[PDB]
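Protein chains in written order, with the UniProt record's numbering: chain S, 46 to 71; chain F, 216 to 430; chain A, 53 to 277; chain E, 53 to 66; chain X, 2 to 136; chain G, 133 to 176, 194 to 198; chain H, 76 to 175; chain P, 55 to 98.
For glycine and all other residues, C-beta sits at the position ideal for the given N, C-alpha and C.
Notes follow once the structure below has been shown.
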Ligand code: FES
Ligand SMILES: [Mg+2]
């Protein structure tokens, strides 16, 4: 049809979620 | 001059006031119509009953509904609706049936120009809810032409007095579909136990089908 | 005898042509795109009745489909030109004060009317009392902004429908077009969009008024001889 | 036609 | 004689019906224009309803293939110290220049992603572009 | 008392483009004063009350 | 061979910019109220920035400036609200003047 | 919302507490119940 139409995908500019100072530490 | 006005309710309303105690005002409900499909209603409020009559009737002609009538004597199809707690069930009827309806519906129907209809009012019998519930249901009735246009098929009327003769009442203005309407062996339509109880003869009431004056 | 020919040659002839005033030459999807008409509000502000007219959301900012705007704008300009041709009263309404001065001048220039000020209760539904029993109301109301300054629909939208007055309206993505007769999905905030709208309506109205005089004059010269 | 007392605004009018 | 029931149909349907019933003696000036050139949708009042449960708006997020390249470029090299000029309709940013070169090299048959990104940076440096890695 | 003149002709069209504000004379003055303030920017007591 | 809207949108600078947070853009002062500068930068909404303390007199109508964008439209949904509240302005930080 | 009402119709209106607004404010206007809440919150 048309090449310039939007395409479905996941947000490429999405930022990671916040993490606490102790995230990932025992 | 073409419009007639009918009163539907005259109420004495009592307002408690800070300094003057209980005061008496009048709330009036009136309906207007020209007998050719154009009808409306308005509430009137005033300290005097005749000032309320003026307000309601003059206001009603600026809020007119147009009501579609089948052959200028009845409604196009059965109408069953609820407005708040007031239920109104209306049935399309043939000529000569007359207006066998709640007295207020009779009054409103003469203003609209409906000659033949059955109506049953159940639940709260509130005049205002009944009036605006009735006008809401009569203003949302689909005519035969609207049905033909929506489905792109002929609307064919079968009358027992005319035997098997098919009478086309409405044809679509646009193209005519070639695929028949699907014939569901059994329709999933909701039925009224009152209608079924009557059709079977199990509905016995000493008050139904009583002889009354021409309406 | 002579009236039927008048109404047929002057009033009924324009209604037999798809674009009698050639309003399609006034704008293009590119001209609209340069004026930022496609820019809508954030997705959180979207009205659900504006969803048909939205192309999508670019990073939570709604984009108005200018292909639809172009078709709606064609109809709105066409209607506006015909009403100006028929010598109808056109009233411009907007409460956005950034553009009050611009809109008031555009109305005066095209020979029409503007209401950019606080809208008092009953200007339309109680006009005979406010103006007089012989007051003539507008035949067309054009809303350049359909919302008031508390982000609610302008009261004149509801009251114009009550008085059976057709409405042309620019409807952004947070607006309600249900009661607007000829809605035009488009950006109502950017000065470039609003200025474009004023040029198009001003030109359409001015062109239709000049066309009415040309036809009338020709119809008279030919009538004598 | 029923004669609700007819109204006259012009009386007190300027 | 007329109707102010703005929530019952449209101004056209209310006007057309009252003209037939003889309530309105003359048609309004706009009626013939509406009839010849009607709107796409008949303006009928509707009450906007709120979505519940599994109902969601049909609007879709607008994305392009190059957006993946833009996200990586901003992460690796950050936003260019050059300022966007959104007034110029033909403005090209450093990221757009990166994306165009990235697209050119992909069409030359290269298919790896990590390799197609490193060769693009070298090409621009050869052309004199300043690419300061953020980290 | 001075009488306000007709605000429309035989065709019913109001003379002033701000008629439907109901305050055409007042809002026309605000429009004229607001317009003067704009042009200045583009360009740039005891005895009276 | 008429360009489509999808093509205009794909190749627009605003589309190519991506997210607006922490993006340097060039704005133009179009209206000034005391020490409040109204700056258009190519978006839907203008931003309002206070006149900088240093070289305040250099900022005049028409002066082009450098901005660091934060939000294209300041909107937030508050408890018990069906929609979002918008102030109808962008959020940006005025860095200085752009010169050639 | 909570038992404390927050459905204000003009909820989006921009709160503008300035000395100049008081002089252009209508003293005829009667303060809303929630108008105090905006003042009370600012004081906090
Ligand atoms: S954010 Fe706390 S464990 Fe991940
Ligand atoms: Mg807007």
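For residue j and residue i, believed in contact at Cβ under 8 Å, the rounded distance
i	j	result
residue 160/H	residue 65/P	7 Å
residue 130/A	residue 71/A	7 Å
residue 396/F	residue 366/F	7 Å
residue 197/A	residue 217/A	Incorrect: roughly 17 Å between the Cβ atoms, too far for contact.
residue 277/F	residue 3/X	6 Å
residue 93/H	residue 75/X	7 Å
residue 175/A	residue 152/G	6 Å
residue 108/A	residue 60/X	6 Å
residue 205/A	residue 178/A	Not a contact, Cβ separation roughly 19 Å.
residue 25/X	residue 138/A	No, residue 25/X and residue 138/A are not in contact; Cβ-Cβ is about 18 Å, not under 8 Å.
residue 95/X	residue 81/X	4 Å
residue 153/A	residue 166/G	6 Å
residue 158/H	residue 97/A	6 Å
residue 267/A	residue 62/A	6 Å
Proximal chain H residues relative to residue i, where beta-carbon distance stays under 8 Å
i	result
residue 160/P	Residue coverage of chain P in this structure runs from 55 to 98, which leaves residue 160/P outside it and unanswerable.
residue 241/A	119, 120 and 163
Beta-carbon spacing of residue i, residue j below 8 Å
i	j	result
residue 143/H	residue 165/H	no
residue 136/H	residue 107/H	yes
residue 121/A	residue 44/X	no
residue 279/F	residue 19/X	yes
residue 145/A	residue 225/A	no
residue 136/A	residue 75/A	no
residue 290/F	residue 307/F	yes
residue 356/F	residue 283/F	yes
residue 182/A	residue 46/X	no
residue 51/S	residue 65/X	yes
residue 241/A	residue 119/H	yes
residue 246/F	residue 223/F	yes
residue 236/A	residue 93/A	no
residue 140/H	residue 171/H	yes
residue 125/H	residue 115/H	no
residue 359/F	residue 330/F	no
residue 90/A	residue 84/H	yes
Chain-ordered chain H contacts of residue i [CB-CB under 9 Å]
i	result
residue 65/P	153, 155, 156 and 160
Residue i: contacting residues in chain G (beta-carbon distance under 8 Å)
i	result
residue 165/A	146, 149, 150, 151 and 152
Neighbour list for residue i in chain A, Cβ cutoff strictly below 9 Å
i	result
residue 175/G	Chain A residues near residue 175/G: none, gap ~17 Å exceeds 9 Å.
Per-residue contacts from residue i into chain A (C-beta, under 8 Å)
i	result
residue 85/X	Near residue 85/X there are no residues of chain A at all, since even the closest Cβ is about 15 Å away, more than 8 Å.
residue 112/H	Near residue 112/H there are no residues of chain A at all, since even the closest Cβ is about 15 Å away, more than 8 Å.
8 Å Cβ cut-off: residues of chain X touching residue i
i	result
residue 56/S	62 and 64
residue 108/A	60, 61, 62 and 63
Interface residues of chain X facing residue i [CB-CB closer than 7 Å]
i	result
residue 61/S	Those do not exist, as residue 61/S stays about 11 Å from chain X at its closest Cβ, beyond 7 Å.
residue 234/A	40
residue 57/A	Correct list: empty, because the minimum Cβ distance to chain X is about 17 Å.
Where residue i meets chain P, residues with beta-carbon distance less than 7 Å
i	result
residue 203/A	66
Interface partners of residue i on chain A, CB under 7 Å
i	result
residue 167/G	153
residue 78/H	82
Contact set between residue i and chain F, taken where Cβ atoms lie within less than 8 Å
i	result
residue 57/E	265
residue 9/X	280 and 354
Proximal residues of chain X, C-beta to C-beta of residue i below 9 Å
i	result
residue 53/S	61, 62 and 64
Chain H contact residues for residue i, given Cβ-Cβ distances below 7 Å
i	result
residue 55/P	154 and 155
Chain G residues whose Cβ lies nearer than 7 Å to that of residue i
i	result
residue 66/A	Going along chain G, no residue has its Cβ under 7 Å from residue 66/A, so there is no contact; the nearest lies around 19 Å.
Residues of the region 207-220 of chain A with Cβ closer than 9 Å to any Cβ of chain X, in chain order:
210, 211, 212, 213, 214, 215, 216, 217, 218 and 219
Note to self: Output needed in chain order: residues of the region 114-143 of chain H with a Cβ under 8 Å from some Cβ in chain S.
What the structure shows: none
Worksheet item: Between the UniProt domain "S5 DRBM" (218-282) of chain F and chain X, which residues of the former have CB atoms less than 8 Å from a CB of the latter, in chain order?
Response: 218, 249, 251, 252, 253, 255, 276, 277, 278, 279, 280 and 281
Mind pulling the alpha helix (DSSP H) runs of 4 or more residues that sit fully within the region 223-278 of chain F? 264-275
* To do: Using a Cβ-Cβ cut-off of less than 7 Å, list which residues of the region 50-70 of chain X approach chain A; keep chain order.
  => 58, 59, 60, 61, 62 and 63
Q: Below 9 Å between beta carbons is the criterion; list the residues of the region 84-103 of chain H that meet it against any residue of chain A, in chain order.
A: Against chain A - using a Cβ distance shorter than 9 Å - the residues of the region 84-103 of chain H are 84, 87, 89, 90, 93, 94 and 95.
Interface positions of the region 13-38 of chain X facing chain A (Cβ-Cβ less than 7 Å), listed along the chain: 15, 16, 29, 30, 31, 33, 34, 35, 37 and 38
Could you tell me which whole alpha helix (DSSP H) segments of length 4 or greater appear in the region 52-124 of chain X? 66-78 and 95-108
Those runs of the alpha helix (DSSP H) which lie wholly inside the region 351-385 of chain F and span at least 4 residues = Counting only runs of 4+ residues, the alpha helix (DSSP H) found wholly inside the region 351-385 of chain F occupies 359-366, in chain order.
Item checked: Length-filtered (3 minimum) beta strand (DSSP E) runs lying within the region 153-179 of chain A -> Unbroken beta strand (DSSP E) stretches of 3 residues or longer found wholly inside the region 153-179 of chain A: 165-167, given in chain order.
Of the residues that make up the region 344-359 of chain F, which ones have a beta carbon closer than 7 Å to any beta carbon in chain X?
Against chain X - using a Cβ distance shorter than 7 Å - the residues of the region 344-359 of chain F are 354.
| query | In the region 117-146 of chain A, which residues sit with their C-beta less than 8 Å from some C-beta in chain G, listed in chain order? | reply | 139, 141 and 143
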